[PDB]
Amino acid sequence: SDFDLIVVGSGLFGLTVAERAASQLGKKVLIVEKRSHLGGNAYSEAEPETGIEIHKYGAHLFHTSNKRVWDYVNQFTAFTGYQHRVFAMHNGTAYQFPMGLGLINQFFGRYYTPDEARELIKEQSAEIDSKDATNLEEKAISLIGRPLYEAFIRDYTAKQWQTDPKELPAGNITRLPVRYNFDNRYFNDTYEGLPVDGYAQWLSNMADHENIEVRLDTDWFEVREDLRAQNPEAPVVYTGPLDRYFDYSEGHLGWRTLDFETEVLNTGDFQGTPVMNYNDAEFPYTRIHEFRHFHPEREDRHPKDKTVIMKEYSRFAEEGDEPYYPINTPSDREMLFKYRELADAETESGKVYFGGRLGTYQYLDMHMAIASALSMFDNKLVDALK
């Protein structure tokens, strides 16, 4: 046949399943992608005026402690030694971030030793006991005290969720957000970096195999009857939206979306750092990304007098809006397992597998998407293709 496997969607999940089938099972894989480009939401492209690489669907920072995933992705791209660090803008001051000795010194006015800082946080947070916290506000205060909560958590959280924190579940904080040293590495994982030649080159290399065919600007639901007729035996891995597959027969799953406002400025350096969080309510956006600083190794290929920045705004997703984060209201949860059983019937009846961020109504870091694909490959698709 012209293909042994159809993959719907060319994001990291689809690309991983496709590449494994192609290179390990020697199968022909047809990938069907609705957008004009490969790579799903990890896709990046140059800004036309400056040439600076910008992430189209949000800043994407790669990090993992999963060695298998790390070894895998390094077949398709090399990574820079970039370490993500974040600063937090509060009342006209940039604070070291996340919360640790640096922030604590800046915000309480003098140096606290590790042991002194531990003691300080015990005092500040003594007010509410964690077991007795009823909502997000209280749970936070129970961990770090009112001053820290009100300066760095309250308004930021309110902006992201479009909701008063008093009206959010206590279960949404599970650990102490405070470091008792000066380590401001944003991520805790063994491996971290950015693709040396950008995300688009990386994702593209995954699809670059003699056994893989890619059809861009193609909606699965418009071509499916035709494609499966050509080889009825070929299984489908579907990574598009789960509810849309079943025609919203159980109603629409709820998502948060993001609006990005991208400006080219006539300065070489807007904030001297990749990501500045904006913690005060007076700013509509949650944070500003300055993309040249994601790739300092490319400095002499960047304009010296211009820079690209992007402000991020959070709101609930209406029809047509890009789906980014699942909301997971209890209504959403019940709607989900109704769809799960639809999906499982569809797999046994139609050899159609559901995966990925959209296919399973889930937030997945990139290494999680890849891990999950590697697993579906190993525990399902290997059998389904003999």
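Residue positions are given as counts along the sequence shown, with the first one as 1. Between two forms, the rigid core is defined as the largest C-alpha subset superposing within 1.5 Å.
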{"item": "Farther-lying stretch by C-alpha RMS in 7 other deposited structures of this protein, rigid core as reference, of 66-74 and 53-61", "value": "53-61"}
{"item": "Segment of higher mean CA temperature factor, 129-137 or 186-194", "value": "129-137"}
{"item": "Higher-B stretch (mean Cα B-factor, as the entry records it), 377-385 or 4-12", "value": "377-385"}
{"item": "Given 290, 71, 299, 312, the residue at which the Cα B factor reaches its maximum", "value": "299"}
{"item": "100, 272, 81, 169, ranked by C-alpha B-factor: the highest one", "value": "169"}
{"item": "Modelled-residue ranking by C-alpha temperature factor, third containing residue 43", "value": "lowest"}
{"item": "Where the record places residue 354 (Cα B-factor, split into thirds across the chain)", "value": "middle"}
{"item": "Residue 266 CA temperature factor, ranked by third within the chain", "value": "highest"}
{"item": "Entry-reported Cα temperature factor of residue 96, expressed as the chain third it lands in", "value": "lowest"}
{"item": "Position of residue 57 among the chain's modelled residues by C-alpha B-factor, lowest, middle or highest third", "value": "middle"}
